[PDB]
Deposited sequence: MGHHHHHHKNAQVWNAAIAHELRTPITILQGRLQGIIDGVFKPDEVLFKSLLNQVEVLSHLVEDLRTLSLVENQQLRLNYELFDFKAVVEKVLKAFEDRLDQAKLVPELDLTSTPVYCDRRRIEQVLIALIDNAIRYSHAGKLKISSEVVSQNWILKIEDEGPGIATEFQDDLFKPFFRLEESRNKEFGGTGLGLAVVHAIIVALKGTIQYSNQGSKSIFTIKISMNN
């Protein structure tokens, strides 16, 4: 356990730094940008690891409230607008107007991670975001036109990596489940969260 898949961005950082010292790389603005981006990758990894370790010990503080999911969707889609266009992912919204009772920032986290994975893996095309409320059950579907995964699960297994593991951990912390479907033409993530206690 678990873990040391993050021991590689360090090493490739080390050598990179050493590459500037041994005299093979000239320190320009792009070099500093790349170093900063690698450190950001490590920060993403340690944050996701912190979240996982919080969930595994039932110490993840939850704050329930009644909120409008469409606003969170708008926020997360504007935070990814340029990257969405660079991947040619056009969001498609089928969001209900009735609010939901859940944790705002945790749902925002899972949405950020899911659309990040979509931008990084899905094919260029429509991005379906649907949210329905079916008798004290809130279903949220993320569908793409891109490819999928088929293995006897290993999807929510760990390793911006292991984001699906954090999604699954948060969904477990909430009163909900998550399922994945790969119909060849469509790849769909479904999150079912019970509202009634």
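Report the unmodelled segments of the deposited sequence as residue ranges counted from 1. 1 to 16, 169 to 170, 178 to 190 are the stretches of the deposited chain that have no C-alpha coordinates in the structure.
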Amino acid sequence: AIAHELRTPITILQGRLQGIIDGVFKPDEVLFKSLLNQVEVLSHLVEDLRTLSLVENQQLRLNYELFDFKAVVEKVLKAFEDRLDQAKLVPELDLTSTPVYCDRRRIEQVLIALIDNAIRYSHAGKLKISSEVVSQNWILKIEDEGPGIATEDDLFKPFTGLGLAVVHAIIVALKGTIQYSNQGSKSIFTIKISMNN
From here on, numbers count along this sequence of modelled residues.
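Which has higher Cα B-factors on average according to the PDB entry: 82 to 90 or 105 to 113? Averaged over C-alpha atoms, the B-factors run higher in 82 to 90.
Mean Cα B-factor comparison, 163 to 171 or 23 to 31, giving the higher one as deposited: Stretch with the higher mean C-alpha B-factor: 23 to 31.
Quick one: which of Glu56, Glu65, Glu143, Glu152 shows the highest Cα temperature factor in the PDB entry? Each of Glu56, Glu65, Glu143, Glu152 was compared by C-alpha B-factor; the highest is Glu152.
Third of the chain, ranked by Cα B-factor, where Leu95 sits: For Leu95, the deposited C-alpha B-factor lands in the middle third.
Would you mind ranking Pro9 by its C-alpha B-factor against the rest of the chain and naming the third, lowest, middle or highest? According to the entry, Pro9 has a C-alpha B-factor in the chain's lowest third.
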